[PDB]
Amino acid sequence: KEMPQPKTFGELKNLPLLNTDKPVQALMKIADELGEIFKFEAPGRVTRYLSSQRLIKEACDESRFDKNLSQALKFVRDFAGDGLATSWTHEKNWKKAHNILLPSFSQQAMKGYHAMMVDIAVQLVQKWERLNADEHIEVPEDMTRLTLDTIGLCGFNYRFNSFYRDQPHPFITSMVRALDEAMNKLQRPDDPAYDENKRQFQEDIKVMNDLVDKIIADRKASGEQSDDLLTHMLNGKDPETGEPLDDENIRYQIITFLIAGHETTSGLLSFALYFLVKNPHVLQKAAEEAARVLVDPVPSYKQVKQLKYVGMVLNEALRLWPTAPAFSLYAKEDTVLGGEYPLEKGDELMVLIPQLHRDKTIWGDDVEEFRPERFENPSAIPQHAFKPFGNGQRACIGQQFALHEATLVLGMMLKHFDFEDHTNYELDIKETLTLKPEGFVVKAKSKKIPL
């Protein structure tokens, strides 16, 4: 009945607890101490963090709870607009864009993106083939190059050419700095010395809008048709309203794909490779499948679907470190959670995904061990125990995209290289709005298999 709550800071309540460079990991430690639910109070803000499958399965009941915009999402909305990830379910543009975009993100639609994904994947493999002896790989840096370029190519047929650069394309620099400002605002009084941050923030917003608006205008003027999401959005019509997306909303969706997809997906690849080099038996099993299945110089769509164990590796990496680590809900009406926590209409909940994925009542006592064999049969996994892609109609629309991209790329990596954890890397998880293993490095020795 009485809800646990972490330490307070006078008038600031719990807010200073988030003034730390690893806030998700701090919240996990608080959940370890306080249990399946704790209250978190700030000036003008109350929320409750959920960690157990017992309570989260109720929070995922869409008749009782709807997606809430967390403070992080509200700040991202300043440049993602009413894109899919930062719009309320009741906003006309959410259901409109959802209906238009769902078929172009289906498993069947990955057949059309496959060639462009292979284009960037081959660039990554060639970069590593061309490294000299005793040079090493900066894993998240290269994974982020790959996912950004892949979303750029599949999203709107634009080549960021990240593998030709040390300093990223100006759009990426402004996007990363915009996301950084959004995160920093969470841990922040509105002192006059933040005026520089604000002026830079508006400059970065303009950089993103200008490039994306320009590409949209260029595409409309040309009339050319590609296999990208931009073509689908220029030609799609919502069956419900009968309307297409307008040019401004299309821009917000493109920005959203880049934000929502690039860092989550590169983090997944980075964590997956981290767990593989730390668990050599798993690596060997995953590399055997890669060599057996990927028998052609270029992987096909059907071959990627056959990489079952690689997919199991990715799910277990998502279990331990889900790279979009939380989502927020509000109670649609007065309701009682778990039979002991009464909630009033509008009350907010946070789903702490890494804690959910460590619920021993679901996964057993070995929750911290990396064992892809947990995912041999996904249907056996209990409902709402595994939520790396969110929930319900507000779940990740790019789930099939992210997993196809990650399975293809990891499969090619395991096919073409042996990996060495040459520094005995100590896991250090850097936190933005997503999670990544900072400073993770490996050496790759080519198996000399041509492309």
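Position 1 is the first residue in the sequence shown; the rest follow in order. Each form is matched to the other, and the largest set of C-alpha atoms that superpose within 1.5 Å is called the rigid core.
Note on 363-371 and 178-186: with rigid core alignment, C-alpha atoms in 7 other deposited structures of this protein sit farther from this form for 178-186. Remark: when the other structures in 7 other deposited structures of this protein are fitted onto this one via the rigid core, 225-233 deviates more than the alternative among 319-327 and 225-233, judged by RMS CA distance. Unmodelled stretch separating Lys332 from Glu333: none (count of deposited-sequence residues without coordinates). As the entry records it, the average C-alpha temperature factor is higher for 170-178, out of 312-320 and 170-178. Relative to its counterpart among 261-269 and 217-225, 217-225 has the higher mean temperature factor, C-alpha atoms as listed in the PDB entry. The top Cα temperature factor in the record, among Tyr194, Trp128, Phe160, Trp88, falls on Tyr194. The entry assigns its greatest Cα B factor, within the set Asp142, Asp149, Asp365, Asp82, to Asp365. Ranked against the other modelled residues of its chain, the C-alpha B-factor of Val304 as given in the entry falls in the middle third. The deposited CA B-factor of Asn14 belongs to the middle third of values across its chain.
When the modelled residues of the chain are ordered by their C-alpha B factor, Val282 lands in the lowest third. In this PDB entry, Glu36 carries a Cα temperature factor that places it within the middle third of its chain's modelled residues. For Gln200, the recorded CA temperature factor ranks within the highest third of the chain's modelled residues.
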